[PDB]
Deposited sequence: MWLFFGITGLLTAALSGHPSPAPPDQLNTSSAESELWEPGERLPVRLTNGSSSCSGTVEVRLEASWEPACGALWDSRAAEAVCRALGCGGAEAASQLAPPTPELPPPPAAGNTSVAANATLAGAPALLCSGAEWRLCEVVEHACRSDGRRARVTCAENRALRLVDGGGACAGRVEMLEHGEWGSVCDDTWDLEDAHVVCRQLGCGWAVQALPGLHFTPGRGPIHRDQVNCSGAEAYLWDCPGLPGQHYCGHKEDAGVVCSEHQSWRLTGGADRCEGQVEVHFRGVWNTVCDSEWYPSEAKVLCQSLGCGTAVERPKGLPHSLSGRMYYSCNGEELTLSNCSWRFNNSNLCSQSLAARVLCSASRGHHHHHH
């Protein structure tokens, strides 16, 4: 009012935008000194400015001119910069962020939060699906499957930003929820975790050991089968390598699809995991007459 921060980590971070009579336009990358960064961060109510950056996107645009480090001394100009040029970005002192660590891939792991330039963990006391649902939506992983307690994933280090969290469910961020700070009540043994809908975990059931059997995948909070139509050595090489059982040896004939859903994959061969490949979940055109794909790796007792 009349400044805001969009497409960033929080409401106190991201690309700078200025309000006009027509619509909100991004601020100019040039003419963006640290004086204007302080004035904008302080006016929004986000404390001081930690760092100012200039990002490039893949009539003219407005700019923010300030004679001092205050909002009263700042002035907006209508046209004084090239339109399709580098924009202005900023991270204030009150900026917060969120990350999941040690969870065998993206959209899962230990819930870590950023507060005043320090990555800290959240306690498992009063941790439920209502708190996990807020975490999965802000990151872009859909809904929450399981709100895990401590010791499921590796415990964190450093500070503990929350000893108790009680989200209603509709909050945009985890920091907006009512809670209690780090008062030495909880410890790193109780570091909370989460499993979101978009996370992908794999295993091989049916065979002699862990690196042999039916290719199963945990997507959308349910175990699913893999289509044998597009299951060639390129896909099998990525699977046996990610699980850690060497190269692929054989791809036996599958059984009918007997789980919640069906998964499709199309790898080049050099991927680190099957989630990095091109995939489509529950596609009737690609998967119909197919069977549940299988694989036999090198490290198994069967080979």
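In this chain, the deposited residues that lack C-alpha positions fall in the ranges 1-42, 101-121, 367-371.
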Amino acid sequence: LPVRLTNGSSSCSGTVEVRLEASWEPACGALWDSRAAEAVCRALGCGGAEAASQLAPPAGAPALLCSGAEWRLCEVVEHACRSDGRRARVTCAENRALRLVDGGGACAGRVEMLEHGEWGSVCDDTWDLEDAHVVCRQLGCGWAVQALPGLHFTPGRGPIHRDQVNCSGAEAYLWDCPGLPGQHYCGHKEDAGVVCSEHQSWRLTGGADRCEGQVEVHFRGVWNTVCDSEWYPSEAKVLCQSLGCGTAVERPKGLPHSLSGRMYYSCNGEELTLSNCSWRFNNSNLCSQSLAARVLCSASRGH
From here on, numbers count along this sequence of modelled residues.
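Between 30-38 and 254-262, the higher mean Cα B-factor belongs to 30-38.
Look at the C-alpha B-factors of 116-124 and of 69-77. On average they run higher in 69-77. Compared with the other modelled residues of the chain, the Cα B-factor recorded for residue 207 ranks in the lowest third. Residue 225: CA B factor in the middle third of modelled residues in this chain (values from the PDB entry). In the PDB entry, residue 83 places in the highest third of its chain by CA B-factor.
Residue 89: CA B factor in the highest third of modelled residues in this chain (values from the PDB entry).
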